[PDB]
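In: Need coordinates for the below:
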Amino acid sequence: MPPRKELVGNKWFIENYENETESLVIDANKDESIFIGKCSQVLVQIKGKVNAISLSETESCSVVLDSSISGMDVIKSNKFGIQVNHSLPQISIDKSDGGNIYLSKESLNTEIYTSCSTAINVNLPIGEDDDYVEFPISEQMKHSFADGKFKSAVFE
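Out: Numbers count the residues shown, from 1 in each chain. Below is the structure in question.
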């Protein structure tokens, strides 16, 4: 599978890229979607608003985006890094190992869902005025019967 960086209809496909020295850029439109798969050591930079972004089967890749109407998906991706310049409702991480998100004042409320993932860190610019503050995401759950009800809870 040789490099791919083509727009098919309203879907950007960026696949099969190895150790990329220079930043891979895409000038999208709000009606387009971005799919990134089978890549390693790559930094896709999505300029302009988009409808969606999906990072699939990647190793040490980083996505720099402005905003996304429906959010972003990350699946089977290790060593990933996401940086949000503006906003997006949610970022979903599944079966991924080691990831680092960087939200923005705008994107400070971005919901985050994780499933079967590890070493995920979310940094909000809430410190000394727009100064990142890491938040290691818990990967453990406790389940038990207590006080007449069998409740669940994240491990702290």
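In: I'd guessed residue 28 sits against residue 44; true?
Out: No. Assessed by CB atoms under 8 Å, residue 28 is found out of contact with residue 44, at 10.7 Å. Placement of C-beta: from N, CA and C, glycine included.
In: what do these two both touch?
Out: The contact sets of residue 28 and residue 44 overlap at residue 34 (CB atoms under 8 Å, 6 or more residues apart in numbering).
In: neighbour-wise, which of those two wins?
Out: residue 44 (24 against 21; other CB atoms under 10 Å).
In: How much space separates the more buried one from residue 50?
Out: Residue 44 is 11 Å from residue 50, where distance means CB to CB, to the nearest Å.
In: Spell out which residues are contacts of both of those two.
Out: Here residue 44 and residue 50 have residue 34 as joint contacts, going by CB under 8 Å, 6+ apart.
In: what number of residues lie near residue 108?
Out: Residue 108 has 12 nearby residues by other CB under 10 Å.
In: Span of stretch 98-117 from start to end?
Out: 8 Å (CA to CA, to the nearest Å).
In: what distance separates it from the middle of the whole chain?
Out: Between the centre of stretch 98-117 and the centre of its chain there are 7 Å (CA atoms, centre = their mean, to the nearest Å).
In: And for stretch 41-53?
Out: Going by CA atoms, centre = their mean, where stretch 41-53 is centred and where its chain is centred differ by 10 Å.
In: which other residues reach it?
Out: 10, 14, 17-20, 23-34, 36, 58-73, 86, 88.
In: Out of those residues, which end up buried?
Out: Buried residues within the contacts of stretch 41-53, counting neighbours by 16 or more other CB atoms under 10 Å: 14, 17, 24, 26, 28, 32-34, 36, 58-68, 71-73, 88.
In: Show only the entries of those found in strands.
Out: When DSSP state E is applied, the buried ones among the contacts of stretch 41-53 are split such that 14, 17, 24, 26, 33-34, 36, 58-65, 72-73 fall in strands.
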